[PDB]
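Asker: Structure provided below as structure tokens; questions to follow.
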Amino acid sequence: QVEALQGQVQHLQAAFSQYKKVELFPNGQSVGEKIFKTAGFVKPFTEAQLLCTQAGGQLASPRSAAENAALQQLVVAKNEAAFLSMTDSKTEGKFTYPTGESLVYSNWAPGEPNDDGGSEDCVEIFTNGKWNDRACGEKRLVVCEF
Amino acid sequence: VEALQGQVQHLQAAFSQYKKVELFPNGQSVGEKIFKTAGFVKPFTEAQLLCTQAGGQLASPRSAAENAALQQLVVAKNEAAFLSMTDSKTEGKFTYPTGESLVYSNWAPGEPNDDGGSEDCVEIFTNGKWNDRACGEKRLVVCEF
Amino acid sequence: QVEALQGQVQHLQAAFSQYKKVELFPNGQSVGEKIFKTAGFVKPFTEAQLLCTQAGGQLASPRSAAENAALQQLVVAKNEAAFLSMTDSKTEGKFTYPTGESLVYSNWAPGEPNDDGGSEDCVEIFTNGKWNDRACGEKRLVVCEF
Ligand SMILES: OC[C@H]1O[C@H](O)[C@@H](O)[C@@H](O)[C@@H]1O
Ligand SMILES: OC[C@H]1O[C@H](O)[C@@H](O)[C@@H](O)[C@@H]1O
Ligand SMILES: OC[C@H]1O[C@H](O)[C@@H](O)[C@@H](O)[C@@H]1O
Ligand SMILES: [Ca+2]
Ligand SMILES: [Ca+2]
Ligand SMILES: [Ca+2]
Ligand SMILES: [Ca+2]
Ligand SMILES: [Ca+2]
Ligand SMILES: [Ca+2]
Ligand SMILES: [Ca+2]
Ligand SMILES: [Ca+2]
Ligand SMILES: [Ca+2]
Ligand SMILES: [Ca+2]
């Protein structure tokens with residue numbers, strides 16, 4: 001019986017693995033156990049953030065060079081800089097994930113973050129993978145992670 | 001017979017993650033039903049063909065809960081969508097594709113009104129309310145699975 | 001534990017069967033054990049090929065009338081001719097799959113392939129389903145198989 005129930009499960013694993021690859025083409029990227037997926041359009045930080053959380057995930061939060069490179073592929077493909085989840089709204093100069101935890105990785109472009117105009121508390125990632133603090137009111141590519 | 005339970009556990013976790021990814025950003029889950037928009041507009045007939053060939057049917061909200069779920073997609077695309085119901089067989093009596101009569105409705109004030117004497121299809125607005133409309137018009141294609 | 005486990009697998013099978021239909025709508029077509037999926041946009045051959053391979057698949061390669069007809073439904077729906085994976089770049093006049101093996105099926109339009117202008121080594125499929133050898137530098141609908 002187990003011999004049969006397992007043949008059912010392994011058949012399922014096979015079909016599921018194929019559908020996973022199909023799902024990620026062409027708006028997603030898998031890295032480790034995390035999955036980045038772009039919505040394809042642009043929006044202000046607040047709305048971008050609400051879209052991701054309501055979908056059961058959150059805004060892209062690269063925690064390593066590999067994750068950042070994975071996210072960059074999506075930005076490059078859509079040719080639109082994207083918003084990350086991190087902000088320094090609570091304490092100027094100190095960026096944190098939505099959980100309040102401090103960054104464990106960063107890829108700031110030379111000269112950033114600079115809080116230009118005295119009001120750049122959000123983060124965007126360029127097609128070259130570098131980060132820049134930007135005003136939360138600007139519209140950027142929406143990319144969520146799951 | 002335990003390493004098999006380990007596989008099922010891994011599958012449940014992975015499949016659960018994949019479901020969320022799939023629904024973003026064009027689908028809405030509610031109960032055992034799934035609404036998904038194609039992202040473009042089409043006349044009723046073509047819109048209906050697209051859903052049936054895909055193994056489903058045009059959105060058919062049967063409760064305040066399903067309508068709210070469907071409303072989220074319409075609002076997201078800012079484009080009214082077609083429902084599956086029509087009164088083309090018997091004017092004034094809207095039915096599902098199967099044939100049964102509506103078990104739920106959310107008509108806007110004064111609707112349905114067969115305006116111009118030619119509105120046998122139904123569209124749902126960004127506000128969730130329904131309006132009977134000419135089937136030849138082009139509206140957001142949303143199917144249910 | 002079996003009865004409780006048989007219930008889980010049954011639930012998984014039911015949920016998966018539903019999600020396969022959801023996934024294929026509206027850019028995919030399933031035929032046999034193969035799945036065709038269009039990215040929705042056009043690109044030259046080299047760019048198209050890279051996109052599919054990096055996603056873990058390859059450009060559409062219909063190996064039968066059934067597969068070709070399924071691929072045709074996508075091209076018709078997007079109203080855009082697509083690139084297939086085969087080319088005769090190595091040996092002029094001899095089309096092969098990415099693996100180098102010879103074609104086991106073809107659906108050439110009358111008179112094709114004609115290596116027009118002596119520079120057509122790629123293949124495109126029209127909305128009517130026929131094939132035509134074309135210059136790889138042209139932009140065509142991107143469709144991958146998994
Ligand atoms: O528009 C804001 C933007 O302007 C320039 O590009 C730079 O000073 C950036 O650091 C800054 O974020
Ligand atoms: O244009 C048709 C449309 O006009 C108005 O919006 C209303 O009378 C609707 O009931 C009707 O369907
Ligand atoms: O030149 C592009 C195209 O022109 C005509 O349609 C035919 O000769 C085709 O074989 C050729 O590929
Ligand atoms: Ca999908
Ligand atoms: Ca500040
Ligand atoms: Ca700041
Ligand atoms: Ca800056
Ligand atoms: Ca009528
Ligand atoms: Ca009517
Ligand atoms: Ca009306
Ligand atoms: Ca040649
Ligand atoms: Ca040639
Ligand atoms: Ca030719």
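Here's how to read the names in the structure tokens: chain A, B, ... by the order shown, residue numbers from 1 in each chain, ligand numbers from 1 in the order shown.
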Give me, as a PyMOL selection string, the set of residues whose atoms come within 9 Å of any atom of ligand 5, counting only C-alpha atoms and all ligand atoms.
Answerer: chain A and resi 87-93+115+118-121
Asker: Restricting it to N, CA, C and O atoms, dump the selection as a short mmCIF file (atom, residue, chain, number, x, y, z; two decimals), in the first residue's frame.
Answerer:
```cif
data_model
loop_
_atom_site.label_atom_id
_atom_site.label_comp_id
_atom_site.auth_asym_id
_atom_site.auth_seq_id
_atom_site.Cartn_x
_atom_site.Cartn_y
_atom_site.Cartn_z
N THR A 87 13.30 50.60 5.05
CA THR A 87 13.14 52.05 5.20
C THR A 87 13.83 52.53 6.46
O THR A 87 14.19 51.73 7.33
N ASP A 88 14.02 53.85 6.57
CA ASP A 88 14.64 54.43 7.76
C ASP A 88 13.70 55.52 8.28
O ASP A 88 14.14 56.58 8.71
N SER A 89 12.40 55.23 8.22
CA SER A 89 11.37 56.16 8.67
C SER A 89 11.35 56.38 10.18
O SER A 89 11.06 57.47 10.65
N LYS A 90 11.66 55.33 10.94
CA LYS A 90 11.66 55.41 12.40
C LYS A 90 12.84 56.22 12.91
O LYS A 90 12.68 57.15 13.71
N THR A 91 14.04 55.85 12.46
CA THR A 91 15.26 56.54 12.86
C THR A 91 16.08 56.85 11.62
O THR A 91 16.69 55.96 11.03
N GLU A 92 16.09 58.12 11.23
CA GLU A 92 16.82 58.59 10.06
C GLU A 92 18.25 58.03 10.04
O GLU A 92 18.97 58.11 11.04
N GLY A 93 18.64 57.46 8.91
CA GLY A 93 19.98 56.91 8.78
C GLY A 93 20.11 55.44 9.17
O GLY A 93 21.17 54.84 8.97
N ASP A 115 20.02 60.65 1.77
CA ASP A 115 18.85 61.38 2.24
C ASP A 115 18.74 62.73 1.52
O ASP A 115 18.68 63.80 2.15
N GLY A 118 16.58 65.83 2.19
CA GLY A 118 16.24 65.60 3.58
C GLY A 118 14.97 64.76 3.66
O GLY A 118 14.24 64.81 4.65
N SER A 119 14.72 63.97 2.62
CA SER A 119 13.51 63.15 2.60
C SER A 119 13.53 61.93 1.67
O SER A 119 12.69 61.81 0.78
N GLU A 120 14.49 61.03 1.86
CA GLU A 120 14.57 59.80 1.08
C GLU A 120 14.64 58.67 2.09
O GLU A 120 15.72 58.33 2.57
N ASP A 121 13.49 58.09 2.42
CA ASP A 121 13.45 57.02 3.40
C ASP A 121 13.16 55.62 2.86
O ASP A 121 13.06 54.66 3.63
#
```
Asker: What are the residues of chain B lining chain A at 9 Å or less? Count only C-alpha atoms, and put the answer as a JSON list (two decimals) with C-alpha atoms, in the first residue's frame.
Answerer:
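That gives us out-v3.json:
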```json
[["chain", "number", "residue", "atom", "x", "y", "z"],
["B", 1, "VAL", "CA", 6.25, 4.58, 5.74],
["B", 4, "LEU", "CA", 6.83, 9.15, 2.83],
["B", 7, "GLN", "CA", 7.73, 13.92, 1.43],
["B", 8, "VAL", "CA", 4.10, 14.91, 1.96],
["B", 11, "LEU", "CA", 5.08, 18.98, -0.69],
["B", 15, "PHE", "CA", 2.68, 23.81, -2.83],
["B", 17, "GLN", "CA", 4.21, 28.79, -1.28],
["B", 18, "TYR", "CA", 3.54, 28.21, -5.00],
["B", 20, "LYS", "CA", 0.57, 32.44, -3.27],
["B", 21, "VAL", "CA", 3.05, 33.10, -6.09],
["B", 22, "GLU", "CA", 0.50, 32.02, -8.72],
["B", 23, "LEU", "CA", -2.30, 34.27, -7.46],
["B", 24, "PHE", "CA", -0.01, 37.32, -7.47],
["B", 25, "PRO", "CA", -1.13, 39.62, -8.93],
["B", 26, "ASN", "CA", -3.93, 38.38, -11.20],
["B", 28, "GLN", "CA", -8.09, 35.89, -5.95]]
```
Asker: List all protein, DNA and RNA residues that have at least one atom no more than 12 Å from any atom of ligand 7, counting only C-alpha atoms and all ligand atoms, and write them as a ChimeraX atom specification.
Answerer: /A:93,108-126,130-136
Asker: Write the selection just made, keeping N, CA, C and O atoms, as an mmCIF file, in the first residue's frame?
Answerer:
```cif
data_model
loop_
_atom_site.group_PDB
_atom_site.id
_atom_site.type_symbol
_atom_site.label_atom_id
_atom_site.label_comp_id
_atom_site.auth_asym_id
_atom_site.auth_seq_id
_atom_site.Cartn_x
_atom_site.Cartn_y
_atom_site.Cartn_z
ATOM 1 N N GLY A 93 18.641 57.458 8.906
ATOM 2 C CA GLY A 93 19.981 56.906 8.784
ATOM 3 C C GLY A 93 20.115 55.443 9.174
ATOM 4 O O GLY A 93 21.165 54.836 8.972
ATOM 5 N N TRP A 108 24.726 49.422 -1.509
ATOM 6 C CA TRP A 108 24.602 50.846 -1.796
ATOM 7 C C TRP A 108 25.497 51.288 -2.937
ATOM 8 O O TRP A 108 26.643 50.864 -3.038
ATOM 9 N N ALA A 109 24.964 52.139 -3.800
ATOM 10 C CA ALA A 109 25.753 52.677 -4.893
ATOM 11 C C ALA A 109 26.668 53.735 -4.260
ATOM 12 O O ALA A 109 26.343 54.309 -3.215
ATOM 13 N N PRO A 110 27.833 53.993 -4.871
ATOM 14 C CA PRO A 110 28.739 54.997 -4.305
ATOM 15 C C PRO A 110 28.023 56.308 -3.991
ATOM 16 O O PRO A 110 27.320 56.856 -4.841
ATOM 17 N N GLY A 111 28.189 56.790 -2.764
ATOM 18 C CA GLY A 111 27.563 58.037 -2.357
ATOM 19 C C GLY A 111 26.205 57.899 -1.691
ATOM 20 O O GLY A 111 25.620 58.895 -1.262
ATOM 21 N N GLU A 112 25.698 56.673 -1.593
ATOM 22 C CA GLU A 112 24.392 56.442 -0.981
ATOM 23 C C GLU A 112 24.532 55.632 0.300
ATOM 24 O O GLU A 112 25.518 54.921 0.484
ATOM 25 N N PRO A 113 23.550 55.739 1.216
ATOM 26 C CA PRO A 113 22.344 56.570 1.110
ATOM 27 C C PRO A 113 22.696 58.007 1.494
ATOM 28 O O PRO A 113 23.538 58.216 2.368
ATOM 29 N N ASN A 114 22.065 58.992 0.858
ATOM 30 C CA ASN A 114 22.375 60.392 1.153
ATOM 31 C C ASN A 114 21.209 61.245 1.652
ATOM 32 O O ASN A 114 21.387 62.428 1.924
ATOM 33 N N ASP A 115 20.024 60.653 1.772
ATOM 34 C CA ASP A 115 18.848 61.378 2.241
ATOM 35 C C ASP A 115 18.739 62.731 1.521
ATOM 36 O O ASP A 115 18.681 63.796 2.149
ATOM 37 N N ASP A 116 18.706 62.676 0.194
ATOM 38 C CA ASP A 116 18.623 63.878 -0.629
ATOM 39 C C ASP A 116 17.339 64.659 -0.374
ATOM 40 O O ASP A 116 16.256 64.075 -0.279
ATOM 41 N N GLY A 117 17.462 65.979 -0.267
ATOM 42 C CA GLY A 117 16.303 66.811 -0.008
ATOM 43 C C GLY A 117 15.871 66.672 1.439
ATOM 44 O O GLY A 117 14.923 67.319 1.882
ATOM 45 N N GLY A 118 16.582 65.833 2.186
ATOM 46 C CA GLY A 118 16.236 65.604 3.580
ATOM 47 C C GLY A 118 14.973 64.759 3.658
ATOM 48 O O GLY A 118 14.241 64.809 4.647
ATOM 49 N N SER A 119 14.718 63.967 2.620
ATOM 50 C CA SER A 119 13.515 63.146 2.598
ATOM 51 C C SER A 119 13.533 61.927 1.671
ATOM 52 O O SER A 119 12.693 61.812 0.783
ATOM 53 N N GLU A 120 14.495 61.030 1.865
ATOM 54 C CA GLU A 120 14.567 59.800 1.076
ATOM 55 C C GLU A 120 14.637 58.668 2.086
ATOM 56 O O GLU A 120 15.718 58.330 2.565
ATOM 57 N N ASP A 121 13.487 58.090 2.416
ATOM 58 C CA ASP A 121 13.452 57.016 3.403
ATOM 59 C C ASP A 121 13.160 55.619 2.860
ATOM 60 O O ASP A 121 13.061 54.660 3.629
ATOM 61 N N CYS A 122 13.018 55.507 1.544
ATOM 62 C CA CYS A 122 12.759 54.220 0.914
ATOM 63 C C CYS A 122 13.986 53.812 0.086
ATOM 64 O O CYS A 122 14.924 54.604 -0.067
ATOM 65 N N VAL A 123 13.996 52.579 -0.418
ATOM 66 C CA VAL A 123 15.130 52.080 -1.200
ATOM 67 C C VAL A 123 14.731 51.486 -2.558
ATOM 68 O O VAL A 123 13.748 50.751 -2.668
ATOM 69 N N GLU A 124 15.510 51.804 -3.587
ATOM 70 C CA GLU A 124 15.260 51.293 -4.927
ATOM 71 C C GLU A 124 16.513 50.560 -5.397
ATOM 72 O O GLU A 124 17.626 50.905 -4.994
ATOM 73 N N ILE A 125 16.335 49.538 -6.229
ATOM 74 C CA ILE A 125 17.475 48.809 -6.762
ATOM 75 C C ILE A 125 17.536 49.050 -8.278
ATOM 76 O O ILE A 125 16.538 48.871 -8.988
ATOM 77 N N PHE A 126 18.700 49.480 -8.763
ATOM 78 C CA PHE A 126 18.899 49.771 -10.188
ATOM 79 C C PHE A 126 19.144 48.514 -11.037
ATOM 80 O O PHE A 126 19.403 47.439 -10.501
ATOM 81 N N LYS A 130 22.727 47.984 -7.890
ATOM 82 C CA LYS A 130 23.092 48.871 -6.782
ATOM 83 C C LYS A 130 21.861 49.496 -6.139
ATOM 84 O O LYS A 130 20.822 49.617 -6.779
ATOM 85 N N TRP A 131 21.996 49.904 -4.879
ATOM 86 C CA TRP A 131 20.897 50.508 -4.123
ATOM 87 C C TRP A 131 21.023 52.019 -3.993
ATOM 88 O O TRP A 131 22.123 52.571 -3.975
ATOM 89 N N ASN A 132 19.879 52.678 -3.868
ATOM 90 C CA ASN A 132 19.835 54.119 -3.701
ATOM 91 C C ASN A 132 18.611 54.466 -2.864
ATOM 92 O O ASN A 132 17.516 53.950 -3.120
ATOM 93 N N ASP A 133 18.789 55.311 -1.850
ATOM 94 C CA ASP A 133 17.641 55.708 -1.051
ATOM 95 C C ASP A 133 16.875 56.702 -1.927
ATOM 96 O O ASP A 133 17.469 57.497 -2.646
ATOM 97 N N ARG A 134 15.552 56.616 -1.888
ATOM 98 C CA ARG A 134 14.705 57.446 -2.720
ATOM 99 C C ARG A 134 13.431 57.795 -1.965
ATOM 100 O O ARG A 134 13.031 57.078 -1.050
ATOM 101 N N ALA A 135 12.800 58.900 -2.346
ATOM 102 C CA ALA A 135 11.565 59.335 -1.704
ATOM 103 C C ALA A 135 10.476 58.273 -1.888
ATOM 104 O O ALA A 135 10.201 57.828 -3.007
ATOM 105 N N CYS A 136 9.856 57.880 -0.782
ATOM 106 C CA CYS A 136 8.810 56.869 -0.801
ATOM 107 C C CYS A 136 7.625 57.176 -1.727
ATOM 108 O O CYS A 136 6.876 56.272 -2.098
#
```
Asker: Define the interface residues of chain A facing chain C as those within 7 Å, counting only C-alpha atoms, and report them as a PyMOL selection string.
Answerer: chain A and resi 18+21-23+25-26
Asker: Can I get the selection written as a PDB file, in the first residue's frame, with C-alpha atoms?
Answerer:
```pdb
ATOM      1  CA  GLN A  18       7.560  21.013 -13.907  1.00  0.00           C
ATOM      2  CA  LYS A  21       9.426  26.112 -13.623  1.00  0.00           C
ATOM      3  CA  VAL A  22       6.416  27.032 -15.760  1.00  0.00           C
ATOM      4  CA  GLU A  23       5.090  29.391 -13.066  1.00  0.00           C
ATOM      5  CA  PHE A  25       8.555  32.021 -16.486  1.00  0.00           C
ATOM      6  CA  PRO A  26       8.922  34.885 -17.100  1.00  0.00           C
TER       7      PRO A  26
END
```
Asker: Would you mind listing the residues within 9 Å of ligand 2, counting only C-alpha atoms and all ligand atoms, as an NGL selection string?
Answerer: :B and (108-116 or 119 or 131-134)
Asker: Store the residues picked out above in a file with C-alpha atoms, as a compact mmCIF listing (two decimals), in the first residue's frame.
Answerer:
```
# COMPACT_ATOMS: atom_id res chain seq x y z
CA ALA B 108 -26.84 48.66 -8.78
CA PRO B 109 -29.84 51.00 -8.17
CA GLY B 110 -32.37 50.66 -10.98
CA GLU B 111 -30.68 47.67 -12.63
CA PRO B 112 -31.28 45.46 -14.52
CA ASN B 113 -33.00 47.79 -17.00
CA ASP B 114 -32.44 46.28 -20.47
CA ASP B 115 -31.49 49.78 -21.65
CA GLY B 116 -32.06 50.34 -25.35
CA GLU B 119 -28.70 44.32 -22.55
CA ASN B 131 -25.24 46.39 -14.35
CA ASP B 132 -26.78 44.55 -17.29
CA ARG B 133 -24.97 45.56 -20.49
CA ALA B 134 -24.87 44.84 -24.21
```
Asker: Residues at most 12 Å from residue 72 of chain B, counting only C-alpha atoms, excluding those fewer than 6 positions away in the same chain, as a VMD selection string?
Answerer: (chain A and resid 51 54 to 55) or (chain B and resid 25 to 30 35 to 37 65 to 66 78 to 81 124 to 128 142)
Asker: Using only C-alpha atoms and all ligand atoms, what are the residues with an atom within 6 Å of ligand 9, set out as JSON, numbers by chain?
Answerer: {"B": [87, 91, 92, 114, 118, 119, 120]}
Asker: What would the file look like if the residues just selected were written as a CSV table (one decimal), in the first residue's frame with C-alpha atoms?
Answerer:
```csv
chain,number,residue,atom,x,y,z
B,87,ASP,CA,-31.1,36.7,-19.7
B,91,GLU,CA,-35.7,38.4,-21.2
B,92,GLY,CA,-35.8,39.6,-17.6
B,114,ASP,CA,-32.4,46.3,-20.5
B,118,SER,CA,-30.7,45.2,-25.7
B,119,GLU,CA,-28.7,44.3,-22.5
B,120,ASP,CA,-28.6,40.6,-21.9
```
Asker: Residue 129 of chain C: which residues within 10 Å, counting only C-alpha atoms, same-chain residues fewer than 6 positions away excluded, as a list in words?
Answerer: residues 65, 68, 69, 70, 71, 72, 73, 75, 76, 81, 107, 108 and 109 of chain C
